[PDB]
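# Secondary and tertiary structure notes
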Amino acid sequence: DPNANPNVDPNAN
Amino acid sequence: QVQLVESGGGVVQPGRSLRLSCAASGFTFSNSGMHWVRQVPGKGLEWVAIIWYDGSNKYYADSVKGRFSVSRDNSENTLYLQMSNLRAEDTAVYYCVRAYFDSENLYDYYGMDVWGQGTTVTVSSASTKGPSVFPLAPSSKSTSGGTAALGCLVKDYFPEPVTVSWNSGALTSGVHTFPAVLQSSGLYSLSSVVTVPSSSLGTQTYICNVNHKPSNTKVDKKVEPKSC
Amino acid sequence: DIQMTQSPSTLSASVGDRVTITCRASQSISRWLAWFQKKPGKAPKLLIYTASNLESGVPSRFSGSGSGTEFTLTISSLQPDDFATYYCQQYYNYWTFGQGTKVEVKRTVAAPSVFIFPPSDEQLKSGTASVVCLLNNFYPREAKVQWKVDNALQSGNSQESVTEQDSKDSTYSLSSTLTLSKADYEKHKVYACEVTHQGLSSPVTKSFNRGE
């Protein structure tokens, strides 16, 4: 999805 | 303060390539998606490309797919747009735009928040050329209620801009220097007009001063009244 | 692809007025709609996001409404800082913009002063002739300018340019330039600029005969 979050995932591992 | 500063714009011949850059500051660049958006003269705002924060995903408008590529260098806080096979429809102001930032990721779909001021790209085969400057003389035709209109036609120059002054800057009230128009020849043209008291036309000289820095030309044209 | 349409294209208003502008999406975009403010030569500024949520620092007089295909922006009491062009943007399916709504300063109707300038002898020496028609200090912006050469309406050989609204008196000025080769200019006699404008009860013509 182009419109999905394109920033760092705040919940990344 | 979130700041985005584009660079790299200028004249490029059709079919050629040009790389734009955007220097990001005042936020963590490596955490943000980024966009390019353009505005072609006489058209609307047009989204061009997006790139993910980590460079792993990127999407393009149909109108540039296969010709433009977006990339980034997070260690240098820089966004890039590599353009190729450029054509006149790509002449535009190009803006660096940050994807909407949300540290809590509240929503599922993302727009854009902060824009840079833009860099201008002009795709043209025209050669650098200073303008010819012609008088628009006042007459009885140019005279309306104690007021006369006169001007100078600033024709056939490339690229933008020219600057026009009157009487070396001493005359500024009543001046309209119109936006330039692109002619079918690929050269620009504009007029600068000024309205003055008709009572002054016999005792005050009117000279338009035209500066075109890309060609290192400066032209003065005295505009002489007509007895007709 | 989703198309956004704004209306009106231009809105004339005064300080203190309530102003509402509209945005329509060609297909549903739910709440994924943003409003930006743009002033001439300056970067757009995001004002409303998620259709109704004001961004930080955006004054309380702004409000956004709508969900689905019809959206509005309202300014409850217009302030001088609010004269600008407003663009909507959907961010549901890629990103597309409306054509924008210019909110301009209202003033009383003012007819243009019309002037016509024949080509200079200096220009004719070089083989081109430009005839300039000037519409000075008029309001509203809408004007129709037509060229007639030997009483024949011209097509394709003129271009217009218009100023931004004047900061002091809220008028516009406009040029229309007719460009002909020297050979074409010399084939005809009568050159006429015809101007239609709300401030004129009937169209005004300025004309000359080549060589007078």
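Method of structure determination, per the deposited record: X-ray crystallography was used for this entry, reaching 1.75 Å resolution.

With that settled, consider the overall build of chain B. A tally of regular secondary structure across chain B gives 0 helices and 20 strands. At 23 Å, chain B has a C-alpha radius of gyration far larger than the 17 Å of a compact globule built from 228 residues. Across its three principal directions, the C-alpha atoms of chain B cover 70 × 35 × 25 Å.

Residues and elements named next belong to chain B. Grouped together as the largest cluster of nonpolar side chains are 27 residues, with contacts concentrated most on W36, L79, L81, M83 and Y94. Those elements that place two or more of their residues in this core are β3 (18-25), β4 (34-39), β5 (45-51), β8 (78-83), β9 (92-99) and β11 (119-123). Of all the elements, β3 adds the most residues to this core, at 4 residues. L81 has contacts with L18, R19, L20, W36, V48, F68, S69, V70 and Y94, leaving out every residue within four places of it along the chain.

Facing the 47 residues of chain C at the interface are 45 residues of chain B. Roughly 3900 Å² is buried in total at the junction of chain C and chain B, and carbon and sulfur atoms are behind 65% of that figure. Between C:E122 and B:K221 there is a salt bridge; the shortest N-O distance is 3.2 Å. On the surface where chain C and chain B come into contact, there are 10 residue pairs in polar contact. Here the side of chain C that touches chain B gets 6 residues from one element, more than from any other, and that element is strand β13 (residues 128-138) of chain C. Of the residues assigned to the side of chain C that touches chain B, the class counts are 21 nonpolar, 19 polar and 7 charged.

Glancing now at the layout of surface pockets. Taken as a whole, the second largest pocket spans an internal volume of roughly 470 Å³. What lines the second largest pocket is a set of 23 residues, and nearest its centre among them are B:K226, B:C228, C:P118, C:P119 and C:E212.

A few words now on the sheet that holds strand β16 (residues 158-162) of chain C. Residue and element names in this part refer to chain C. Across the sheet, 4 strands lie side by side as β12-β13-β17-β16; this open sheet has antiparallel pairing. Only two strands of the sheet have a single neighbouring strand rather than two, namely β12 (113-117) and β16. Shown here is a sheet whose adjacent strand axes are inclined to one another by a mean of 15°, direction ignored. Here 9 bridges tie β13 to strand β17 (residues 172-181), and the two strands are oriented antiparallel to one another. Counted as the bridge partner of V131 is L178 from β17.

Procedures and definitions
Residues numbered from 1 in each chain as written, not as in the entry; some residues may be left out. Chains lettered and ligands numbered in written order. Heavy atoms only, no water. Residues with missing side-chain atoms left out of burial classes, pairs and counts. Helix = DSSP H or I, 4+ residues; strand = E, 2+ residues; numbered from the N terminus. Rg over C-alpha atoms; globule rule 2.2 N^0.38 Å. Core = buried A, V, L, I, M, F, W, Y, C linked by side-chain atoms within 4.5 Å. Buried < 20%, exposed > 50% of the residue type's maximum accessible area, 1.4 Å probe, protein only. Contact = heavy atoms within 4.5 Å. Buried area = accessible area lost by both parts, 1.4 Å probe. Salt bridge = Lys/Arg side-chain N within 4 Å of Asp/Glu carboxyl O. Polar contact = N/O pair within 3.5 Å; in protein donor to acceptor, adjacent residues only side chain to side chain. Nonpolar A, V, L, I, M, F, W, Y, C, P; charged D, E, K, R; others polar. 1 Å grid on protein atoms, 1.4 Å probe; cavity = no way out; pocket = protein on both sides within 12 Å on 5 of 7 lines; lining within 4 Å. Points joined across faces, edges and corners; volume = space filled by probe spheres on them. Pairing = 2+ DSSP bridges. Axes fitted to C-alpha atoms, helices over the stretch in contact; angles between N-to-C directions.

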